[PDB]
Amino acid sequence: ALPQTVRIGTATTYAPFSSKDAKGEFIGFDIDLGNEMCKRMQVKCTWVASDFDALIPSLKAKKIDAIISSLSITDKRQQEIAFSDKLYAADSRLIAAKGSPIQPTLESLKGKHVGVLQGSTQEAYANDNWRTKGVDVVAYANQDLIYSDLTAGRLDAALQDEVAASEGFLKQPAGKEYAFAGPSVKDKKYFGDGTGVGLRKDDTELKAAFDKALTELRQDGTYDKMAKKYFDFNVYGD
């Protein structure tokens, strides 16, 4: 009962997982994973670009059938939607100017301007722990605006997925004079357990098909072959 075309939403401003190349075509590990799973599921797949915070609403409105967009598997989201098995791990961490004393603490961030992606686990954490207590937490439509507001000095720091920041910004020319500010933020309730394909709860058959494809491409070594294009480490985690 799988649709002839699985529509997959993604927010294409989160390299190296999802972004656009020079032609405007979808590139990144999420795209590679989704395309490889779709190949093995024997379905066609059409990618649909969207602001990150629109993904879960579009899914619930059936405007898309799946979300592959570094979507963290959280307790809160599982009350709304279902997930495939984990695609890869995702920790959260702050970035700031090289030499910044900033730590992911209320004390260190008071009077600071901190960027977070609207609709993200990072916004949830920052709004609850930081924004209410005086920290200027600013929500953004997409992560590229955040990077730009950081390098323009409009933001003192930004919270996002650690691997995204590292490969998508810090190790790029634009992020040369920036670094991680403090260690990963550990809060399993807000940040969840890796990312997965977001799905409607009643699409059990579609979930089983994604799950089957994922295990097979991991088993035969395709996952690691695809991952090496982007990462010299175990992006999957535990």
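Numbers for residues come from their place in the sequence shown, where the first is 1.
Do the CA atoms of 107-115 or those of 162-170 have the higher mean B-factor in the entry? Between 107-115 and 162-170, it is 107-115.
6-14 or 19-27, whichever carries the higher mean Cα B-factor: Of 6-14 and 19-27, the stretch with the higher C-alpha B-factor average is 19-27.
Name the residue from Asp128, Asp85, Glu80, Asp136 with the greatest C-alpha temperature factor listed in the entry. Highest C-alpha B-factor among the listed residues goes to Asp128.
Based on the PDB record, which member of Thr132, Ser148, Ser120, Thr74 exhibits the highest Cα temperature factor? Checking the PDB record, the top C-alpha B-factor among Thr132, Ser148, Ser120, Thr74 is at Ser148.
Ranked C-alpha temperature factor of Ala152 among modelled chain residues, by third: Highest third of the chain for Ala152's C-alpha B-factor.
Ranking every modelled residue in this chain by its Cα temperature factor as given in the entry, which third contains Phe210? Within its chain, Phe210 is a lowest-third residue by C-alpha B-factor, going by the deposited values.
Hey, what third does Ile95 fall into on Cα B-factor, ranked over its chain? According to the entry, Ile95 has a C-alpha B-factor in the chain's lowest third.
Entry-reported Cα temperature factor of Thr46, expressed as the chain third it lands in: As the PDB entry reports it, the C-alpha B-factor of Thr46 lands in the middle third of its chain.
What third of its chain, lowest, middle or highest, does the C-alpha temperature factor of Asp193 fall into? Its C-alpha B-factor, which the entry lists for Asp193, ranks in the highest third among residues of this chain.
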